[PDB]
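Enquirer: Just one file: work.cif, with mmCIF, C-alpha atoms and all ligand atoms.
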```
data_input
loop_
_atom_site.group_PDB
_atom_site.id
_atom_site.type_symbol
_atom_site.label_atom_id
_atom_site.label_comp_id
_atom_site.auth_asym_id
_atom_site.auth_seq_id
_atom_site.Cartn_x
_atom_site.Cartn_y
_atom_site.Cartn_z
ATOM 1 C CA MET A 1 -29.196 15.443 7.103
ATOM 2 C CA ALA A 2 -25.671 15.572 8.572
ATOM 3 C CA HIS A 3 -25.458 11.807 7.975
ATOM 4 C CA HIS A 4 -24.712 8.989 10.311
ATOM 5 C CA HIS A 5 -21.904 6.987 8.840
ATOM 6 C CA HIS A 6 -22.172 3.386 9.885
ATOM 7 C CA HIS A 7 -24.085 1.589 7.214
ATOM 8 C CA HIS A 8 -21.443 1.451 4.582
ATOM 9 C CA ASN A 9 -18.952 -0.700 6.439
ATOM 10 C CA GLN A 10 -18.803 -4.025 4.593
ATOM 11 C CA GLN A 11 -21.712 -2.926 2.412
ATOM 12 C CA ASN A 12 -19.249 -1.519 0.004
ATOM 13 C CA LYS A 13 -16.179 -3.646 -0.740
ATOM 14 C CA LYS A 14 -15.302 -0.884 -3.242
ATOM 15 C CA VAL A 15 -12.498 -2.496 -5.042
ATOM 16 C CA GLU A 16 -9.272 -3.539 -3.490
ATOM 17 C CA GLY A 17 -7.108 -5.556 -5.751
ATOM 18 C CA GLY A 18 -8.395 -7.240 -8.751
ATOM 19 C CA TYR A 19 -11.330 -7.387 -11.010
ATOM 20 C CA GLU A 20 -14.639 -6.870 -9.370
ATOM 21 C CA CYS A 21 -17.506 -7.733 -11.629
ATOM 22 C CA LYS A 22 -20.438 -5.381 -11.901
ATOM 23 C CA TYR A 23 -22.766 -8.341 -11.411
ATOM 24 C CA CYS A 24 -21.082 -10.035 -8.536
ATOM 25 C CA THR A 25 -19.365 -8.958 -5.373
ATOM 26 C CA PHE A 26 -16.565 -11.441 -5.904
ATOM 27 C CA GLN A 27 -13.201 -10.242 -7.075
ATOM 28 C CA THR A 28 -10.096 -11.794 -8.450
ATOM 29 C CA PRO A 29 -6.887 -10.088 -9.704
ATOM 30 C CA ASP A 30 -6.472 -13.113 -11.915
ATOM 31 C CA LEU A 31 -7.872 -12.277 -15.277
ATOM 32 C CA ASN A 32 -8.179 -15.985 -16.010
ATOM 33 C CA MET A 33 -10.215 -16.569 -12.885
ATOM 34 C CA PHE A 34 -12.133 -13.436 -13.614
ATOM 35 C CA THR A 35 -13.115 -14.403 -17.099
ATOM 36 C CA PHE A 36 -13.540 -17.995 -16.004
ATOM 37 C CA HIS A 37 -16.051 -17.229 -13.281
ATOM 38 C CA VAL A 38 -17.577 -14.663 -15.615
ATOM 39 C CA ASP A 39 -17.986 -17.128 -18.488
ATOM 40 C CA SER A 40 -19.308 -19.578 -15.987
ATOM 41 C CA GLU A 41 -21.776 -17.417 -14.045
ATOM 42 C CA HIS A 42 -22.325 -14.299 -16.119
ATOM 43 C CA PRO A 43 -21.217 -15.123 -19.746
ATOM 44 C CA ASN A 44 -23.635 -12.667 -21.307
ATOM 45 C CA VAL A 45 -24.464 -9.663 -19.328
ATOM 46 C CA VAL A 46 -26.655 -6.921 -20.539
ATOM 47 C CA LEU A 47 -28.165 -4.176 -18.379
ATOM 48 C CA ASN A 48 -27.954 -0.340 -18.636
ATOM 49 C CA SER A 49 -24.739 1.666 -18.138
ATOM 50 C CA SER A 50 -21.485 0.913 -16.374
ATOM 51 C CA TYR A 51 -17.764 1.286 -16.721
ATOM 52 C CA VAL A 52 -15.287 -1.277 -17.841
ATOM 53 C CA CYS A 53 -11.525 -1.067 -18.024
ATOM 54 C CA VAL A 54 -11.021 -1.795 -21.724
ATOM 55 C CA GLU A 55 -7.477 -2.540 -20.847
ATOM 56 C CA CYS A 56 -8.488 -5.380 -18.569
ATOM 57 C CA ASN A 57 -11.940 -5.913 -20.079
ATOM 58 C CA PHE A 58 -13.527 -5.887 -16.609
ATOM 59 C CA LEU A 59 -16.874 -4.394 -15.742
ATOM 60 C CA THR A 60 -17.437 -3.109 -12.289
ATOM 61 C CA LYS A 61 -20.451 -1.748 -10.471
ATOM 62 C CA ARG A 62 -18.791 1.563 -9.771
ATOM 63 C CA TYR A 63 -16.953 4.114 -11.934
ATOM 64 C CA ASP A 64 -14.558 4.431 -8.992
ATOM 65 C CA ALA A 65 -12.857 1.124 -9.576
ATOM 66 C CA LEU A 66 -11.697 2.477 -12.932
ATOM 67 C CA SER A 67 -10.494 5.644 -11.326
ATOM 68 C CA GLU A 68 -8.435 3.960 -8.695
ATOM 69 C CA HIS A 69 -7.462 1.477 -11.399
ATOM 70 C CA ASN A 70 -4.644 3.616 -12.966
ATOM 71 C CA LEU A 71 -3.841 4.735 -9.499
ATOM 72 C CA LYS A 72 -3.029 1.281 -8.116
ATOM 73 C CA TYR A 73 -3.733 -1.306 -10.844
ATOM 74 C CA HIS A 74 -2.200 0.562 -13.828
ATOM 75 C CA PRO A 75 0.156 2.958 -11.958
ATOM 76 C CA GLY A 76 2.289 5.602 -13.581
ATOM 77 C CA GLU A 77 -0.053 8.396 -14.496
ATOM 78 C CA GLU A 78 -3.680 9.266 -14.224
ATOM 79 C CA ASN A 79 -5.352 9.795 -17.565
ATOM 80 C CA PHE A 80 -8.252 7.630 -18.483
ATOM 81 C CA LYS A 81 -10.488 8.175 -21.454
ATOM 82 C CA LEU A 82 -14.048 7.005 -21.936
ATOM 83 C CA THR A 83 -15.500 5.301 -24.958
ATOM 84 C CA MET A 84 -18.726 3.384 -25.128
ATOM 85 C CA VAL A 85 -18.263 0.306 -27.133
ATOM 86 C CA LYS A 86 -19.383 -2.979 -25.783
ATOM 87 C CA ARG A 87 -20.556 -5.558 -28.170
ATOM 88 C CA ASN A 88 -22.288 -8.904 -27.527
ATOM 89 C CA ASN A 89 -22.869 -7.526 -24.026
ATOM 90 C CA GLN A 90 -24.647 -4.227 -23.299
ATOM 91 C CA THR A 91 -23.441 -0.850 -24.271
ATOM 92 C CA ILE A 92 -21.270 0.315 -21.444
ATOM 93 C CA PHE A 93 -18.530 2.834 -21.255
ATOM 94 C CA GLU A 94 -15.147 1.416 -21.589
ATOM 95 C CA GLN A 95 -12.428 3.379 -20.027
ATOM 96 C CA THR A 96 -9.022 3.210 -21.716
ATOM 97 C CA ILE A 97 -5.781 4.810 -20.871
ATOM 98 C CA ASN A 98 -3.679 6.836 -23.214
ATOM 99 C CA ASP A 99 -0.448 5.498 -21.709
ATOM 100 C CA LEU A 100 -0.808 2.744 -19.086
ATOM 101 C CA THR A 101 -2.334 0.673 -21.868
ATOM 102 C CA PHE A 102 1.008 -1.064 -22.394
HETATM 103 ZN ZN ZN B 1 -17.821 -11.918 -11.210
HETATM 104 ZN ZN ZN B 2 -7.239 -2.199 -16.374
#
```
Can you dump the structure from the file as structure tokens?
Expert:
Amino acid sequence: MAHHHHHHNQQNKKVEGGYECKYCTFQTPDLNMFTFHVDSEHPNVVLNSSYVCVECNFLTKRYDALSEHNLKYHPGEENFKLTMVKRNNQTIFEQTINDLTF
């Protein structure tokens, strides 16, 4: 199919500026508000496989948000690494930077 782009608009919020949870379509650039609403609504989340910015400890529903992350969120360079270590929660791939970690 050539594809008819239409149904994507407002379906995908992507990630704009902040921490978008994997489990919710709400986002906040405030880590406190992020972890607050997380602890409140999704304190223990376990599922299958996803990416989290280890740096920010934020799980998102798309690997993309981690990719644009060092682009806009942790700007300076673009070099993210992947490591799967997520304890208490599920085992999900945490994506850390080798530089923008500071
Ligand atoms: Zn959330
Ligand atoms: Zn981050």
Enquirer: Care to translate the PyMOL selection byres (((not hetatm)) within 8 of (chain B and resi 1)) into actual residues of this file, as a PDB file with C-alpha atoms, keeping the file's coordinate frame?
Expert:
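The result, stored in expr-v1.pdb:
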```pdb
ATOM      1  CA  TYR A  19     -11.330  -7.387 -11.010  1.00  0.00           C
ATOM      2  CA  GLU A  20     -14.639  -6.870  -9.370  1.00  0.00           C
ATOM      3  CA  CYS A  21     -17.506  -7.733 -11.629  1.00  0.00           C
ATOM      4  CA  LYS A  22     -20.438  -5.381 -11.901  1.00  0.00           C
ATOM      5  CA  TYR A  23     -22.766  -8.341 -11.411  1.00  0.00           C
ATOM      6  CA  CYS A  24     -21.082 -10.035  -8.536  1.00  0.00           C
ATOM      7  CA  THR A  25     -19.365  -8.958  -5.373  1.00  0.00           C
ATOM      8  CA  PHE A  26     -16.565 -11.441  -5.904  1.00  0.00           C
ATOM      9  CA  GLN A  27     -13.201 -10.242  -7.075  1.00  0.00           C
ATOM     10  CA  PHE A  34     -12.133 -13.436 -13.614  1.00  0.00           C
ATOM     11  CA  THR A  35     -13.115 -14.403 -17.099  1.00  0.00           C
ATOM     12  CA  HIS A  37     -16.051 -17.229 -13.281  1.00  0.00           C
ATOM     13  CA  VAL A  38     -17.577 -14.663 -15.615  1.00  0.00           C
ATOM     14  CA  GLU A  41     -21.776 -17.417 -14.045  1.00  0.00           C
ATOM     15  CA  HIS A  42     -22.325 -14.299 -16.119  1.00  0.00           C
TER      16      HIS A  42
END
```
Enquirer: Let me see if you get this right: every residue at most 8 Å from ligand ZN 2 (chain B), counting all atoms listed in the file, written as a ChimeraX atom specification.
Expert: /A:53-58,66,69-70,73-74,96,101
Enquirer: Export C-alpha atoms of the chosen residues as a PDB file, in the frame of the given file?
Expert:
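Heads up, here's the output in selection_21.pdb:
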```
ATOM      1  CA  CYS A  53     -11.525  -1.067 -18.024  1.00  0.00           C
ATOM      2  CA  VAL A  54     -11.021  -1.795 -21.724  1.00  0.00           C
ATOM      3  CA  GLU A  55      -7.477  -2.540 -20.847  1.00  0.00           C
ATOM      4  CA  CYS A  56      -8.488  -5.380 -18.569  1.00  0.00           C
ATOM      5  CA  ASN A  57     -11.940  -5.913 -20.079  1.00  0.00           C
ATOM      6  CA  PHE A  58     -13.527  -5.887 -16.609  1.00  0.00           C
ATOM      7  CA  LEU A  66     -11.697   2.477 -12.932  1.00  0.00           C
ATOM      8  CA  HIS A  69      -7.462   1.477 -11.399  1.00  0.00           C
ATOM      9  CA  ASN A  70      -4.644   3.616 -12.966  1.00  0.00           C
ATOM     10  CA  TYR A  73      -3.733  -1.306 -10.844  1.00  0.00           C
ATOM     11  CA  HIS A  74      -2.200   0.562 -13.828  1.00  0.00           C
ATOM     12  CA  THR A  96      -9.022   3.210 -21.716  1.00  0.00           C
ATOM     13  CA  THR A 101      -2.334   0.673 -21.868  1.00  0.00           C
TER      14      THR A 101
END
```
Enquirer: For a quick check of understanding, using only C-alpha atoms, which of A:87, A:72, A:3, A:62 has the smallest distance to residue 17 in chain A?
Expert: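 Among A:87, A:72, A:3, A:62, it is A:72 that comes nearest to residue 17 in chain A.
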Enquirer: Using all atoms listed in the file, determine which residues lie at most 7 Å from residue 80 in chain A, disregarding the query and same-chain residues fewer than 5 positions distant; provide the list as a PyMOL selection string.
Expert: chain A and resi 95-98
Enquirer: Would you mind telling me which residue in A:63, A:100, A:1, A:91 lies nearest to residue 47 in chain A when using only C-alpha atoms?
Expert: A:91
Enquirer: Specify the axis-aligned box that encloses all atoms of range 41-51 of chain A listed in the file after padding of 4 Å on each side, stating its centre and edge lengths in Å to one decimal as lines of an AutoDock Vina configuration file.
Expert:
```
center_x = -23.0
center_y = -7.9
center_z = -17.7
size_x = 18.4
size_y = 27.1
size_z = 15.3
```
Enquirer: Ranking A:46, A:59, A:52, A:15 by minimum distance to residue 83 in chain A and counting all atoms listed in the file, which one comes first?
Expert: A:52
Enquirer: Choose the residue, out of A:49, A:77, A:40, A:65, that has the smallest atom-to-atom separation from residue 18 in chain A; count all atoms listed in the file.
Expert: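 Residue with the minimum atom-to-atom distance to residue 18 in chain A: A:65.
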Enquirer: Extract, using all atoms listed in the file, all DNA, RNA and protein residues at most 6 Å from residue 84 in chain A, discarding same-chain residues fewer than 5 positions from it, and format them as a PyMOL selection string.
Expert: chain A and resi 92-94
Enquirer: Write the residues of the selection above to a file with C-alpha atoms, as a compact mmCIF listing (two decimals), in the coordinates of the input.
Expert:
```
# COMPACT_ATOMS: atom_id res chain seq x y z
CA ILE A 92 -21.27 0.32 -21.44
CA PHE A 93 -18.53 2.83 -21.26
CA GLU A 94 -15.15 1.42 -21.59
```
Enquirer: When you count all atoms listed in the file, which of these residues is closest to residue 50 in chain A: A:89, A:12, A:79, A:32?
Expert: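 The shortest atom-to-atom distance to residue 50 in chain A comes from A:89.
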Enquirer: Using all atoms listed in the file, which of A:88, A:10, A:16, A:31 sits nearest residue 71 in chain A?
Expert: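 With all atoms listed in the file as the atom set, the closest residue is A:16.
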Enquirer: Please, what distance in Å, to one decimal, runs between CA of residue 5 in chain A and CA of residue 48 in chain A?
Expert: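 Here the two named atoms are 29.1 Å from each other.
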Enquirer: Rounded to one decimal, what separation in Å do you get between CA of residue 44 in chain A and CA of residue 82 in chain A?
Expert: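 Distance between the two atoms: 21.9 Å.
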Enquirer: To one decimal place, how far is CA of residue 75 in chain A from CA of residue 29 in chain A in Å?
Expert: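 Calculated distance between CA of residue 75 in chain A and CA of residue 29 in chain A is 15.0 Å.
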